[PDB]
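Text of the file final13.cif, holding mmCIF, C-alpha atoms:
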data_work
#
loop_
_atom_site.label_atom_id
_atom_site.label_comp_id
_atom_site.auth_asym_id
_atom_site.auth_seq_id
_atom_site.Cartn_x
_atom_site.Cartn_y
_atom_site.Cartn_z
CA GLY M 227 -22.41 -1.74 -2.50
CA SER M 228 -22.73 1.73 -1.00
CA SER M 229 -23.27 5.07 -2.74
CA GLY M 230 -20.57 6.82 -0.73
CA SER M 231 -21.00 10.33 0.64
CA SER M 232 -18.80 12.94 2.32
CA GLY M 233 -20.62 15.23 4.73
CA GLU M 234 -19.14 18.32 6.38
CA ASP M 235 -17.88 16.58 9.52
CA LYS M 236 -14.10 16.76 9.90
CA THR M 237 -13.35 16.94 13.63
CA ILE M 238 -16.93 17.21 14.90
CA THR M 239 -17.69 15.04 17.92
CA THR M 240 -21.26 16.27 18.34
CA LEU M 241 -24.14 14.35 16.76
CA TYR M 242 -27.65 15.69 16.20
CA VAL M 243 -30.62 13.42 16.89
CA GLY M 244 -34.20 14.20 15.89
CA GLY M 245 -37.53 12.43 16.15
CA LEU M 246 -37.24 11.96 19.90
CA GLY M 247 -40.81 12.68 20.97
CA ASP M 248 -42.11 12.37 24.52
CA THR M 249 -41.79 8.62 23.96
CA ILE M 250 -38.00 8.99 23.90
CA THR M 251 -36.03 10.60 26.72
CA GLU M 252 -32.46 11.75 27.39
CA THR M 253 -31.36 8.77 29.48
CA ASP M 254 -32.47 6.42 26.70
CA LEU M 255 -29.94 8.20 24.48
CA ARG M 256 -27.17 8.75 27.03
CA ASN M 257 -27.07 4.97 27.46
CA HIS M 258 -27.62 4.15 23.78
CA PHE M 259 -24.59 6.31 22.99
CA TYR M 260 -22.62 5.84 26.21
CA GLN M 261 -21.94 2.33 24.91
CA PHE M 262 -19.83 3.83 22.12
CA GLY M 263 -17.77 5.92 24.52
CA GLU M 264 -17.63 8.73 27.07
CA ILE M 265 -20.28 11.41 26.55
CA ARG M 266 -19.15 15.01 26.98
CA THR M 267 -22.75 16.21 27.28
CA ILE M 268 -26.31 15.72 26.05
CA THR M 269 -28.65 18.60 25.21
CA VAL M 270 -32.17 17.28 24.62
CA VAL M 271 -34.42 19.97 23.14
CA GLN M 272 -38.03 18.93 23.74
CA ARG M 273 -39.30 21.96 21.82
CA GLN M 274 -37.45 20.50 18.84
CA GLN M 275 -37.89 16.84 19.79
CA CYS M 276 -34.13 16.55 19.26
CA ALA M 277 -30.93 16.02 21.24
CA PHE M 278 -27.23 16.78 20.75
CA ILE M 279 -24.83 14.05 21.88
CA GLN M 280 -21.26 15.20 22.49
CA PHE M 281 -18.29 12.84 22.83
CA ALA M 282 -14.90 13.40 24.44
CA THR M 283 -13.15 11.52 21.64
CA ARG M 284 -14.32 11.66 18.02
CA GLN M 285 -13.68 7.91 18.07
CA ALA M 286 -16.98 7.17 19.81
CA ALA M 287 -18.59 9.96 17.78
CA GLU M 288 -17.82 8.41 14.40
CA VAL M 289 -18.88 4.91 15.44
CA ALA M 290 -22.20 6.09 16.86
CA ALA M 291 -22.57 8.46 13.90
CA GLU M 292 -22.75 5.80 11.18
CA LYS M 293 -24.61 3.50 13.57
CA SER M 294 -27.01 6.41 14.07
CA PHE M 295 -27.35 7.68 10.51
CA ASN M 296 -31.04 6.92 9.99
CA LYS M 297 -30.15 3.64 11.71
CA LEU M 298 -30.62 4.54 15.38
CA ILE M 299 -34.11 3.24 16.14
CA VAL M 300 -34.96 3.59 19.83
CA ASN M 301 -38.34 2.58 21.26
CA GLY M 302 -39.54 1.20 17.94
CA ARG M 303 -39.19 4.72 16.59
CA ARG M 304 -36.65 5.53 13.88
CA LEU M 305 -34.48 8.60 14.51
CA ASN M 306 -32.78 10.93 12.03
CA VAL M 307 -29.20 11.45 13.23
CA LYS M 308 -26.86 13.92 11.54
CA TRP M 309 -23.46 15.46 12.28
CA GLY M 310 -23.62 18.72 14.23
CA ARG M 311 -21.18 21.62 14.34
#

Kindly return the structure encoded in the file as structure tokens.
Amino acid sequence: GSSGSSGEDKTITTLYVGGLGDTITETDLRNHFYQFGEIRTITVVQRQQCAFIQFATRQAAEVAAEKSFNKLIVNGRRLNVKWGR
């Protein structure tokens, strides 16, 4: 089965995404996440090869979250996703 963990994400709709690299861009994410649901905003920090995906409704956030938790592999490049603030 699963180990089972409880992070510190109660009503957080933002999701952090690292390991972007020049290879990966914003659009690639906007679409990869957009599928889950509306996207409030997307702040891609090149200096930190990361990006923050915000959702209007936690609903899409949660879904993408788990489906992103070290599971979101775009452009044959795994990405470390973690709940934001």

List the residues selected by the PyMOL selection byres ((chain M and resi 293) around 12) in the file shown, writing them as a VMD selection string.
chain M and resid 241 258 to 259 261 to 262 286 to 292 294 to 299 305 to 308

On this structure, the PyMOL selection byres ((chain M and resi 266-280) around 6) would catch which residues? List them as a CSV table (one decimal) with C-alpha atoms, in the frame of the given file, sorted by chain and number.
chain,number,residue,atom,x,y,z
M,239,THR,CA,-17.7,15.0,17.9
M,240,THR,CA,-21.3,16.3,18.3
M,241,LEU,CA,-24.1,14.4,16.8
M,242,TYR,CA,-27.6,15.7,16.2
M,243,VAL,CA,-30.6,13.4,16.9
M,244,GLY,CA,-34.2,14.2,15.9
M,245,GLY,CA,-37.5,12.4,16.2
M,246,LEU,CA,-37.2,12.0,19.9
M,247,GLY,CA,-40.8,12.7,21.0
M,265,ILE,CA,-20.3,11.4,26.6
M,281,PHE,CA,-18.3,12.8,22.8
M,282,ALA,CA,-14.9,13.4,24.4

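Counting all atoms listed in the file, the residue from M:249, M:284, M:227, M:263 that sits nearest to residue 309 of chain M is M:284.
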
Go through M:302, M:230, M:256, M:237 and flag the residue nearest residue 285 of chain M, using only C-alpha atoms for the distances.
M:237

Work out how far apart atom CA of residue 253 of chain M and atom CA of residue 238 of chain M are and give it in Å to one decimal.
22.2 Å

Hey, can you check how far atom CA of residue 304 of chain M sits from atom CA of residue 257 of chain M?
16.6 Å

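For the pair atom CA of residue 232 of chain M and atom CA of residue 311 of chain M, the interatomic distance is 15.0 Å.
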
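Proximity to residue 254 of chain M was assessed for M:310, M:283, M:228, M:300 counting only C-alpha atoms; the smallest distance is recorded for M:300.
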
Enclose segment 296-303 of chain M, meaning all of its atoms listed in the file, in a box aligned along x, y and z, pad it by 8 Å on each side, and list the centre and edge lengths in Å to one decimal, as AutoDock Vina command-line options.
--center_x -34.8 --center_y 4.1 --center_z 15.6 --size_x 25.4 --size_y 21.7 --size_z 27.3
